[PDB]
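First comes the structure, then the notes that go with it.
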Number of protein chains: 2
Amino acid sequence: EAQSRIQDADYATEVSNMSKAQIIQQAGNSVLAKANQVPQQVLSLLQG
Amino acid sequence: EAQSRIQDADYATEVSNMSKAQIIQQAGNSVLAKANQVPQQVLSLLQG
């Protein structure tokens, strides 16, 4: 029982952790796509 | 007489003893099955 106390992660805790990690990752990927939408306003200015 | 006083267990006493022992054994086995119904709720948590 004491060894179980020391070891044996709580599935509730790591389930919540991975869920929020996955959402943060997807948010980061979407924001990365928005930021990698690099300025083409420079291209727009170029022909002006 | 004296040897009978020393030896010769009381059939009433050991009949009662084994009866309650058998009941305790059956109760322990049923509770053991209930406990060995080891957490599957973690499995439910996973797909969420």
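Figures for the structure shown
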{"quantity": "Residues that are among the hydroxyl-bearing types (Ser, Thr, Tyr) and under 30 Å from B:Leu43 (Cβ atoms), drawn from segment A:1-43", "calculated": "A:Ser4, A:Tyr11, A:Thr13, A:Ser16, A:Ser19"}
{"quantity": "Residue list for chain B, filter: aliphatic (A, V, I, L, M) and farther than 30 Å from A:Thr13 by Cβ", "calculated": "B:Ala2, B:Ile6, B:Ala9, B:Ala12, B:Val15, B:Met18, B:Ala21, B:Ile23, B:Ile24, B:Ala27"}
{"quantity": "Among (1) small (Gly, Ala, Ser); (2) within 14 Å of chain B (Cβ to nearest Cβ); (3) farther than 29 Å from B:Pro39 by Cα - the single one A:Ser44 does not satisfy", "calculated": "(2)"}
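Bear in mind these aren't lab numbers, they're just calculated from the coordinates by the rules spelled out. No Cβ is skipped: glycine too gets one built from the backbone with ideal geometry, and neighbour counts run over all protein chains shown.
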